[PDB]
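The structure under discussion is supplied below as structure tokens; questions concerning it will follow.
What follows is calculated from the coordinates using simple rules that are stated; it is not laboratory data. Cβ placement follows ideal geometry from the backbone for every residue including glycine, while neighbour counts extend to all protein chains displayed.
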Ligand SMILES: CC1=C(C#C/C(C)=C/C=C/C(C)=C/C=C/C=C(C)/C=C/C=C(C)/C=C/[C@@]23O[C@]2(C)C[C@@H](O)CC3(C)C)C(C)(C)C[C@H](O)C1
């Protein structure tokens, strides 16, 4: 049975809130943006944990003795600083926005449907679940992703 | 009023830029030219920076072509301090005369950007817009020559000789 | 609203009326003629100033305590760890500063130049001008420190003490006459 | 209204009736009114338990019986002994948890032999609780980052404040204990 605050207005809605975290609408608005971003980040990660380990580059937990983790961490944080601020601000100016910060502009093909909006978050939810799993298998064994498949 | 287009596909020109002065492509995101009196000055400075850059990118290459080393080896081939002193001692009257628009204390009211040195009578709107266009290239070029020398350390013409024989694996 | 000017007999720009603290009619390069940029410039001026004030005390005081010189700190301290950990710590704070609050839509509309972090109720249109002027002084100072770092290659307290001990043999003239 | 952050913005659900309302809920975790009362129960519980903990983490380290993270194995207490305690504590726990979250006794069971219940004492309970809760968080994190006892941490900081602080400590590879 769907909850009271969680109605079926927004994409990928299934009526799941046993914890009542998104009771307030403005909270739910933030939740939604944060779910989409977490989904979008988890996909580049789930793929980025397989694709440069298939080609003979070594596993995701082996990355430490292939890069300088401190320095790469610095580089990543130094390019995240402008771009995350711009994502958050909705542009470059001091006063905020009016350029929708979840679903900005990048669609030259007119693919923004409610189906595709739902499928952004649908594919994302199991990429998240996958990544949550991928780590748990490594902590309970000692194995790589494709080695865990055996 | 932009017949020749704009710097970004669908961009709106700024309010102070209305396609009236040469080579306006409606580009001022930091709004440095909002004040008109300042924009008048800005125009002269850009054209001058342009004309200085074109003599410089030539002077960094045409000596190198005739086998004299690159531009960063010019310090070996000249006395660096001394020529710098004579350059500053010759620029002093001539730059003052350029700024004053003449030789008399109370200014001249000649166009100090476009003075009138033209025995071939080529002064047209196209040529004004081509001064700045060829200029913006040469500035960008000179900005390259410095940054290429900092990231590499070989000659300018050697970096071109790399890139034709190394399209992938240049950067 | 009488106010002083930065150069004797000049006339101020027409967009600088004295309406804001520490206005001295100074914008020859016309970088604040549009009002919205003048709003951001104003926030930036106070924030660069505040950081220069922290910086210049941070640069001078550990050298006074004999803990080292500010531009030689990176041979004892790893820069990349320091900068990673700093950006991790600073990021949500800077985020909230630019945002205007903790909410995604701003919501809790705070002043992003002058929030209320003032338990002594000391804020006036005068203390604002004092904050700006102290900040401008510190920015000029931090420019001095960097150029002095390159030219003399000694620390700033050392540079001061050298000028006091040998005012003629330790000044900008003598230090720039030599190759340096 | 005294608030947790300067500017004068409180959530709507946090009105200023309950003890310790300082307009602090930027994640909207008490927006629903039924969850609020449970949470009001568990804040006081967590608070009281931490208060006991923090006093119990300092006193045997003062007495010289080892630091709190090395105080179980120093006097035995294995996983079976925590199981027997947990079974013994369960009786009082289910006795507590048989009543509703709306009854004032669910926080305030009335055992007051000195008769010191006022409103000043309820806020003072909640404030000392939240201070002890952050202190336990501090103990755990310090334990891992510095890798020494908390009283050691305090003593080094008092004697050499620039020498030993969070800034020094966090510039080494910190998960060490
Ligand atoms: C326009 C605009 C913007 C902008 C911009 C940009 C990109 C501006 C940058 C322009 C740029 C890049 C300007 C270069 C100048 C170089 C000069 C003058 C040449 C001198 C060089 C000389 C005189 C050197 C002489 C040499 O003798 C030497 C010393 C050694 C010899 O061996 C060889 C030669 C002969 C070489 C914003 C900021 C984006 C927003 C705003 O709203 C609108």
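Which whole number in µm²/s is D for the range D:32-113 by Stokes-Einstein, with the Kirkwood Rh taken over Cα pairs at 10 °C and 1.306 mPa s?
On the way: Rh = 15.3 Å.
Stokes-Einstein gives a translational diffusion coefficient of 104 µm²/s.
Roughly what angle does helix C:156-165 make with the longest principal axis of chain C, taking Cα atoms, 0 to 90 degrees, to the nearest 10?
Long axis of C:156-165 versus the principal axis of chain C: about 60 degrees.
What is the Rg over Rh value, at two decimals, for chain D, using alpha-carbon atoms and the Kirkwood definition of Rh?
1.02
May I ask you to work out the translational diffusion coefficient for the range C:65-113 at 37 °C, viscosity 0.692 mPa s, via Stokes-Einstein with Rh from the Kirkwood sum over Cα pairs, reported in whole µm²/s?
Numbers: Rh = 13.4 Å.
It diffuses with D of about 246 µm²/s by this estimate.
For a test of the definition: using alpha carbon positions, the gyration tensor, and the 1.5 limit on a/c, classify the range D:68-132 as rounded, prolate or oblate. Kindly include the intermediate steps, with their values, before the conclusion.
Values: a/c = 2.83, a/b = 1.59, b/c = 1.78.
Oblate, because a/c is 1.5 or more while a/b does not exceed b/c.
How large is the Kirkwood hydrodynamic radius of the range B:1-84, in angstrom, based on all distinct alpha carbon pairs?
Numbers: mean 1/r = 0.0622 Å⁻¹.
Its Kirkwood hydrodynamic radius stands at 16.1 Å.
Over the Cα atoms of the range D:1-52, what is the Rg over Rh ratio if Rh follows Kirkwood?
Numbers: Rg = 11.9 Å, Rh = 12.0 Å.
Looking at the range D:1-52, the ratio lands at 0.99.
In Å³ and rounded to a whole number, note down the convex hull volume per residue for the Cα atoms of chain C. Walk me through the intermediate numbers first.
On the way: hull volume 36.9 nm³, N = 180.
Dividing the Cα hull volume of chain C by its residues yields 205 Å³.
Taking every eigenvalue of the Cα gyration tensor of the range D:94-160, multiplying by 5 and rooting it, what semi-axes result, largest first, whole Å? Let's see the in-between values first.
Working: eigenvalues 255, 54, 18 Å².
Output for the range D:94-160: semi-axes of 36, 16, 10 Å.
State the percent of C-alpha pairs, over all pairs in chain B, separated by a distance greater than 21 angstrom. Write out the running numbers ahead of the final one.
Values: 9348 of 14535 pairs.
When all Cα pairs of chain B are counted, 64 percent exceed 21 Å.
Any chance you could list the semi-axes, whole Å, largest first, of the equivalent ellipsoid that the Cα gyration tensor gives for the range B:78-127, using √(5λ)? Walk me through the intermediate numbers first.
Values: eigenvalues 156, 66, 11 Å².
After diagonalising the Cα gyration tensor, the semi-axes are 28, 18, 7 Å.
Calculate log10 I(q)/I(0) of the range B:18-57 for q = 0.27 Å⁻¹, where I(q) comes from the Debye formula with a single equal point scatterer on each Cα and nothing for solvent.
With no solvent term, the Cα-only Debye profile gives -1.02.
Right, another one. With just the Cα atoms defining each centre, how far is the range D:105-142 from the range D:40-67? Give it in Å.
Going from one Cα centre to the other spans 12 Å.
Is the protein assembly as shown rounded, prolate or oblate when judged by the Cα gyration tensor, a ≥ b ≥ c being the square roots of its eigenvalues, rounded requiring a/c under 1.5 and prolate requiring a/b larger than b/c? Can you show the working numbers first?
On the way: a/c = 1.87, a/b = 1.75, b/c = 1.07.
The shape class here is prolate.
Across peptide C:70-79, how many C-beta atoms of other chains are within 10 Å of each residue C-beta, on average? It would help to have the intermediate numbers written out before the result.
Working: counts 0, 0, 0, 0, 0, 0, 0, 1, 3, 3.
Mean shielding by partner chains, rounded to a whole number: 1.
Using a simple spin-label model with points 7 Å from Cα along the Cα→Cβ vector, what separation in nm is obtained for residue C:3 and residue B:154?
With each label placed 7 Å out from Cα toward Cβ, I get 5.6 nm.
When the scattering of the range C:90-175 is computed by the Debye formula from its Cα atoms alone, each counted once and equally, what is log10 I(q)/I(0) at q = 0.12, 0.17 Å⁻¹?
-0.65, -0.84
Apply the a/c threshold of 1.5 to the C-alpha gyration tensor of the range D:42-81 and tell me whether it is rounded, prolate or oblate. Walk me through the numbers before you get to the answer.
Working: a/c = 3.97, a/b = 1.46, b/c = 2.71.
Oblate, because a/c is 1.5 or more while a/b does not exceed b/c.
Another question, then. Pairing the Cα long axis of helix C:79-99 with the longest principal axis of chain C, what angle in degrees results, from 0 to 90 and rounded to the nearest 10?
Approximately 20 degrees, to the nearest ten.
Quick check: the angle from helix A:114-140's long axis to the longest principal axis of chain A, C-alpha only, nearest 10 degrees?
30 degrees
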